[PDB]
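So the structure is just underneath, and the comments pick up after that.
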Amino acid sequence: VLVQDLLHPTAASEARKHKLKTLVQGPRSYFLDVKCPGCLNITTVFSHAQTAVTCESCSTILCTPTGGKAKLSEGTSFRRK
Amino acid sequence: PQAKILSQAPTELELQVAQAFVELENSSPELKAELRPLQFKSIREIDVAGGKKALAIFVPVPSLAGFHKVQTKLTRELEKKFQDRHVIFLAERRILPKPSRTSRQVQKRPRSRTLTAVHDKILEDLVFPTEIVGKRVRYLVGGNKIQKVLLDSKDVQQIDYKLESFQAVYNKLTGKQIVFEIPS
Amino acid sequence: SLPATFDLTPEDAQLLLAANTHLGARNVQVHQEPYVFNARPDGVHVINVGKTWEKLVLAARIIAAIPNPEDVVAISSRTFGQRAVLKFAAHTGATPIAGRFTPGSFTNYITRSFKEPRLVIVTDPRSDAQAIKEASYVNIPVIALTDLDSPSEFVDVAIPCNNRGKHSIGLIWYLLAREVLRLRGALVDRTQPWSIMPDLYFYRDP
Amino acid sequence: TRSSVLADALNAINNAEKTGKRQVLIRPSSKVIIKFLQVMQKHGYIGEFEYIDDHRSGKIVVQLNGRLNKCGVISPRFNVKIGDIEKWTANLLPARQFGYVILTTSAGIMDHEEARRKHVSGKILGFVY
Amino acid sequence: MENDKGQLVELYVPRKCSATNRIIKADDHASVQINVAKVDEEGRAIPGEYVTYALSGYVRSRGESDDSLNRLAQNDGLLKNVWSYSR
Amino acid sequence: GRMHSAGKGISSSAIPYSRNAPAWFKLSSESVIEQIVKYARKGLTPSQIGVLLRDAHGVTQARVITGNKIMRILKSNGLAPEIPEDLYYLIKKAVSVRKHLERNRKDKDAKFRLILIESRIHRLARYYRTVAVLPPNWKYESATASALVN
RNA sequence: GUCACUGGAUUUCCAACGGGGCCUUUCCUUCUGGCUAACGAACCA
Ligand SMILES: [Mg+2]
Ligand SMILES: [Mg+2]
Ligand SMILES: [Mg+2]
Ligand SMILES: [Mg+2]
Ligand SMILES: [Mg+2]
């Protein structure tokens with residue numbers, strides 16, 4: 001305080017800050033890849049997705065929406081990006 | 001195939017590169033069928049702080065997405081076939097002047113086609129892979145300026161050695177001055 | 001400008017952790033955040049003793065270069081810091097003040113406790129604040145033993161210790177006295193520890 | 001809603017110098033912030049400054065050395081006849097011998113000493129000292 | 001402050017604060033000047049020889065006399081690994 | 001802050017700093033524009049379209065990867081509606097409120113809010129009238145607009 | 001030069017300050033004119 005590097009704040013305090021309050025703003029949301037074991041098909045779902053997602057067929061489920069990150073349903077695998 | 005892939009009959013280097021292109025067109029599962037549609041307008045030579053010279057190949061615009069699919073391949077074999085040179089692909093972009101009471105033209109003038117959009121497209125082509133993750137501009141206490149370009153961390157190998165080149169590529173073109181940095 | 005002999009050394013880092021200086025306050029403060037190393041589970045903050053040490057050295061550096069060693073005033077109104085600052089007064093010139101500072105000491109030339117120090121040292125800025133405040137009226141610099149929660153106002157060059165009590169207050173004054181004797185003075189080869197036991201600075205009571 | 005955005009800039013600056021800070025984050029940025037900061041730098045009333053690129057309007061971080069008393073904006077931007085510049089400088093500047101009223105003229109953002117030498121005038125912009 | 005022919009008027013020129021570079025007024029009585037001793041190799045601070053700083057009352061008032069010493073000392077080569085330019 | 005209330009809420013999307021990318025997706029825009037027009041003919045708005053695309057299909061944002069914002073697409077293919085979905089919902093709400101005011105005339109808060117809604121609508125329509133998305137008159141009318149939602 | 005007024009800069013100091021031209025993707029279009037391309041691509045005033 002009274003002198004500091006604003007151009008290079010630490011990545012520890014830039015991560016705890018609010019979404020819009022980062023030195024340049026950017027999203028905190030990610031995307032997933034998900035399969036249920038019954039189909040080999042891969043479906044890519046958005047972390048906060050508002051739509052209850054199904055894979056290409058079979059209307060199992062994938063996620064259910066909430067006020068936060070969508071809730072992935074039961075046994076499923078999810079990678080990042 | 002020698003003089004036709006050129007378009008505007010000169011010059012020395014371009015024909016030299018043209019014969020280095022068709023040479024690579026000999027293999028044709030891919031490396032021919034993909035390389036033939038892509039021609040280029042011309043090239044320029046620019047020195048670097050190191051003894052290696054820079055070879056900048058001008059590209060017609062919308063063809064520019066074809067040289068992108070190859071690129072890594074083509075700049076790999078071009079830096080092989082012409083050693084001691086850095087090979088980069090820049091699209092030739094029309095710049096229309098800022099309209100005024102004196103220089104003025106009908107049909108408005110689009111945003112791309114503006115001097116700043118073009119110089120902001122040069123920085124994007126010079127680096128070609130490794131998307132720019134930010135920027136700054138330093139306004140120096142003596143009155144001059146330095147664009148700090150922030151390059152990605154992925155595949156930054158494809159560039160790392162050419163960074164003092166890109167710099168001098170930009171300075172002979174624009175008149176401006178660059179620096180680079182990486183994420184952490 | 002600081003030689004590698006001045007570096008921490010394991011012997012000293014032993015005395016500090018044994019004395020438990022490194023244990024810091026639960027409520028931290030905004031000005032004392034740099035001296036924090038990390039927080040323990042169950043809300044106990046670990047002071048960074050290397051920053052503790054180096055400050056101590058810078059502090060002892062400034063006590064030194066004060067031309068007359070009596071002018072330096074060591075103040076504690078706390079009990080824990082009292083027998084501490086008397087000893088600091090005995091080795092270095094250092095006219096001390098233990099317990100009641102009495103107001104109007106640095107102002108009010110007519111008082112009997114009148115002083116005109118060129119430096120002040122303070123164990124607890126909270127409890128001693130009367131001295132810090134008067135100090136701010138006469139242009140007097142101040143050294144401070146500070147916890148994580150301590151008033152930063154009108155204190156230059158703080159030494160984070162523990163200051164909740166026990167041995168830390170005694171150590172930091174002890175180590176303070178030790179280092180101003182090595183600087184200028186006669187101790188001469190800091191390589192060897194001190195004849196004086198650090199338990200000479202401590203609180204007594206029964 | 002934001003109106004001037006120059007006036008937000010010179011405010012965060014003038015607020016920071018006074019609190020003893022050495023650096024200030026401005027937002028948003030704009031050509032006129034840039035040019036103002038430029039005439040302030042070139043007389044030494046700030047250090048260097050660095051534009052940040054967010055894809056929208058930009059930010060700036062300016063380094064403050066002290067030595068600056070007030071930097072301020074004049075809204076509205078009044079049309080200033082050429083002889084009136086004398087009259088402006090008398091009101092809002094601490095002495096005849098230093099300080100700068102900074103204009104915006106067909107000859108470009110500058111200070112009144114430059115505009116005096118270039119014999120130009122226009123809308124007034126702000127002051128600095 | 002120069003005068004007509006190159007000549008020094010203005011009976012005195014004040015000190016400047018090391019942290020803020022703000023003038024230190026004659027009546028500023030919370031202002032402080034710090035004298036840190038200079039050492040020859042292996043201790044033995046040199047008498048009469050100081051690395052000195054001056055802080056303004058504002059800063060000592062504001063609670064920043066501490067962190068501004070650190071930034072200054074490290075800069076002037078007193079301390080190492082204490083003060084941090086990024087947060 | 002908020003137009004028609006005191007709320008200062010900043011809750012919003014932060015668009016990433018990217019013109020291009022995600023470097024991973026590479027699904028060939030004409031492939032997404034296809035999926036766009038499908039949901040268009042299915043009777044969806046640009047708003048709920050880009051959500052369905054963002055949730056199930058990846059598709060971070062359609063302005064990126066297709067170079068064109070969603071509504072523009074529907075217009076070039078000719079799925080553009082009469083009144084913007086902006087207006088469409090405001091008038092929807094306003095009509096939905098007025099229906100409630102008919103069976104309850106003693107609800108004053110309802111009478112208050114209808115004013116707020118219709119105020120928003122006349123402001124919006126003026127805009128769309130200025131940039132000529134709507135005819136030089138238009139002018140939402142309380143009685144008539146019930147059929148404009150249905 | 002009279003022992004504050006006045007005459008000149010030896011292209012060299014150092015310095016600033018301001019004005020006009022060009023070159024760099026760039027002075028648009030039109031009108032008149034000059035010379036020319038195999039009916040008036042070009043170029044120049
Ligand atoms: Mg405890
Ligand atoms: Mg200067
Ligand atoms: Mg707000
Ligand atoms: Mg309101
Ligand atoms: Mg209102």
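We label chains A, B, ... in the order they appear in the structure tokens, count residues from 1 in each chain, and number ligands from 1 in the order shown.
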Applying 10 Å and only C-alpha atoms (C1' of nucleotides), which residues near residue 49 in chain D remain after dropping the ones on its own chain fewer than 3 positions away? List them as a ChimeraX atom specification. /B:137-141 /D:23-25,34,37-38,41,46,52,60-64
Item to check | 10 Å shell around ligand 5 using only C-alpha atoms (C1' of nucleotides) and all ligand atoms, listed as a ChimeraX atom specification | outcome: /F:1-6
field: Residues of chain E within 9 Å of chain C, only C-alpha atoms counted, as a PyMOL selection string
entry: chain E and resi 28-39+41-50+57+59-70+73+76-84
Please find the residues contacting ligand 2 at a distance of at most 8 Å between atoms, with only C-alpha atoms (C1' of nucleotides) and all ligand atoms counted, and report them as a PyMOL selection string. chain D and resi 42-44
At a cut-off of 7 Å around ligand 3, and using only C-alpha atoms (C1' of nucleotides) and all ligand atoms, what residues come up? Please write them as a PyMOL selection string. chain F and resi 1+8-10
Grab the residues selected above and save them as a PDB file, in the first residue's frame with C-alpha atoms.
ATOM      1  CA  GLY F   1     -28.026   1.884 -11.770  1.00  0.00           C
ATOM      2  CA  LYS F   8     -27.291  -1.456  -8.258  1.00  0.00           C
ATOM      3  CA  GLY F   9     -26.618  -5.095  -9.286  1.00  0.00           C
ATOM      4  CA  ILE F  10     -23.641  -5.712 -11.576  1.00  0.00           C
TER       5      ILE F  10
END
Discussion item. Please identify the alpha helix (DSSP H) residues within chain E (assignment by DSSP from backbone atoms) and present them as JSON, numbers by chain.
Written reply: {"E": [57, 58, 59, 60, 61, 62, 65, 66, 67, 68, 69, 70, 71, 72, 73, 74, 75]}
With N, CA, C and O atoms retained, write the just-selected residues as a CSV table (one decimal), in the first residue's frame.
chain,number,residue,atom,x,y,z
E,57,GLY,N,5.2,14.0,7.6
E,57,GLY,CA,4.3,13.8,8.7
E,57,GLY,C,3.1,13.0,8.2
E,57,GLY,O,2.6,12.1,8.9
E,58,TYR,N,2.6,13.4,7.0
E,58,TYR,CA,1.5,12.7,6.4
E,58,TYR,C,1.6,11.2,6.4
E,58,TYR,O,0.7,10.4,6.8
E,59,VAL,N,2.8,10.7,6.0
E,59,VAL,CA,3.1,9.3,5.9
E,59,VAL,C,3.2,8.7,7.2
E,59,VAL,O,2.5,7.6,7.5
E,60,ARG,N,3.9,9.3,8.2
E,60,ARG,CA,4.0,8.7,9.5
E,60,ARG,C,2.6,8.8,10.2
E,60,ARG,O,2.3,7.9,11.0
E,61,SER,N,1.8,9.8,9.9
E,61,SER,CA,0.5,9.9,10.4
E,61,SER,C,-0.3,8.7,9.8
E,61,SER,O,-1.0,8.0,10.5
E,62,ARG,N,-0.2,8.5,8.5
E,62,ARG,CA,-1.1,7.5,7.8
E,62,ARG,C,-0.8,6.1,8.1
E,62,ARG,O,-1.6,5.2,7.7
E,65,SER,N,4.8,4.8,7.4
E,65,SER,CA,6.2,5.0,7.7
E,65,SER,C,7.0,3.7,7.7
E,65,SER,O,8.2,3.7,7.4
E,66,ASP,N,6.3,2.6,8.0
E,66,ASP,CA,6.9,1.3,8.1
E,66,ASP,C,7.1,0.8,6.6
E,66,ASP,O,8.3,0.7,6.2
E,67,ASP,N,6.0,0.5,5.9
E,67,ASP,CA,6.2,-0.1,4.6
E,67,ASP,C,6.9,0.8,3.6
E,67,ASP,O,7.5,0.3,2.7
E,68,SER,N,7.0,2.1,3.9
E,68,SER,CA,7.7,2.9,3.0
E,68,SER,C,9.2,2.9,3.3
E,68,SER,O,10.1,3.1,2.4
E,69,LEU,N,9.6,2.7,4.6
E,69,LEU,CA,11.0,2.4,4.9
E,69,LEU,C,11.5,1.1,4.2
E,69,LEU,O,12.5,1.2,3.5
E,70,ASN,N,10.7,0.0,4.3
E,70,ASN,CA,11.1,-1.2,3.6
E,70,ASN,C,11.3,-1.0,2.1
E,70,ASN,O,12.4,-1.2,1.6
E,71,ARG,N,10.3,-0.4,1.4
E,71,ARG,CA,10.5,-0.2,0.0
E,71,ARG,C,11.8,0.7,-0.3
E,71,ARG,O,12.5,0.4,-1.2
E,72,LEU,N,12.1,1.6,0.6
E,72,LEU,CA,13.2,2.5,0.4
E,72,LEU,C,14.5,1.7,0.7
E,72,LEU,O,15.5,1.8,0.0
E,73,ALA,N,14.5,1.0,1.8
E,73,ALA,CA,15.7,0.3,2.3
E,73,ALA,C,16.2,-0.7,1.3
E,73,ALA,O,17.3,-0.7,0.8
E,74,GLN,N,15.3,-1.6,0.9
E,74,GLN,CA,15.6,-2.5,-0.2
E,74,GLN,C,16.1,-1.9,-1.4
E,74,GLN,O,17.1,-2.3,-2.0
E,75,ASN,N,15.5,-0.8,-1.8
E,75,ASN,CA,15.9,0.0,-3.0
E,75,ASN,C,17.4,0.4,-2.8
E,75,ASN,O,18.2,0.3,-3.7
I want to know what sits within 10 Å of residue 27 in chain G, based on only C-alpha atoms (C1' of nucleotides), with residues of the same chain fewer than 6 positions away left out; could you give that as a list in words?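 My list of contacting residues is residues 102, 103 and 104 of chain B.
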File of the preceding selection, N, CA and C atoms, as a PDB file, in the first residue's frame:
ATOM      1  N   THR B 102     -10.341  16.918 -47.141  1.00  0.00           N
ATOM      2  CA  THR B 102      -9.313  16.904 -48.184  1.00  0.00           C
ATOM      3  C   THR B 102      -9.114  15.520 -48.789  1.00  0.00           C
ATOM      4  N   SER B 103      -8.804  14.505 -47.984  1.00  0.00           N
ATOM      5  CA  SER B 103      -8.863  13.111 -48.427  1.00  0.00           C
ATOM      6  C   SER B 103     -10.205  12.529 -47.981  1.00  0.00           C
ATOM      7  N   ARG B 104     -11.075  12.260 -48.955  1.00  0.00           N
ATOM      8  CA  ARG B 104     -12.461  11.877 -48.728  1.00  0.00           C
ATOM      9  C   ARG B 104     -12.892  10.967 -49.866  1.00  0.00           C
TER      10      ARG B 104
END
Produce as a list in words the set of residues near ligand 1, where near means within 10 Å with only C-alpha atoms (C1' of nucleotides) and all ligand atoms considered.
residues 23, 24, 25, 26, 44, 45, 162, 164 and 165 of chain C
Just to be explicit: take each residue in the selection above, keep C-alpha atoms, and write the result as a PDB file, in the first residue's frame.
ATOM      1  CA  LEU C  23       3.550 -17.159  16.370  1.00  0.00           C
ATOM      2  CA  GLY C  24       1.426 -14.194  15.257  1.00  0.00           C
ATOM      3  CA  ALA C  25      -1.916 -12.628  16.039  1.00  0.00           C
ATOM      4  CA  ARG C  26      -5.262 -14.011  14.857  1.00  0.00           C
ATOM      5  CA  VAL C  44      -2.815 -18.799  14.150  1.00  0.00           C
ATOM      6  CA  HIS C  45      -0.574 -16.744  11.870  1.00  0.00           C
ATOM      7  CA  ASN C 162       4.925 -12.025  19.230  1.00  0.00           C
ATOM      8  CA  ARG C 164       1.377 -11.388  23.391  1.00  0.00           C
ATOM      9  CA  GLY C 165       3.966 -12.276  26.020  1.00  0.00           C
TER      10      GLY C 165
END
With 8 Å as the limit and counting only C-alpha atoms, what residues in chain A lie close to chain D? Please list them as a compact mmCIF listing (two decimals) with C-alpha atoms, in the first residue's frame.
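As a result, result-v5.txt now contains:
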# COMPACT_ATOMS: atom_id res chain seq x y z
CA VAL A 1 0.00 0.00 0.00
CA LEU A 2 1.06 3.53 -1.04
CA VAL A 3 3.29 1.95 -3.72
CA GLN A 4 2.51 -1.28 -5.57
CA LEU A 6 -0.87 -2.62 -10.41
CA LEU A 7 0.36 -3.79 -13.80
CA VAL A 24 -8.66 -7.61 -17.52
CA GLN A 25 -12.06 -9.16 -16.99
When the cut-off is 12 Å and we count only C-alpha atoms (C1' of nucleotides), which residues of chain G are near chain D, given as a PyMOL selection string? chain G and resi 17-19
Quick one: pull the distance between CA of residue 129 in chain D and CA of residue 69 in chain D, Å, one decimal.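 Computing the Euclidean distance for CA of residue 129 in chain D and CA of residue 69 in chain D yields 5.4 Å.
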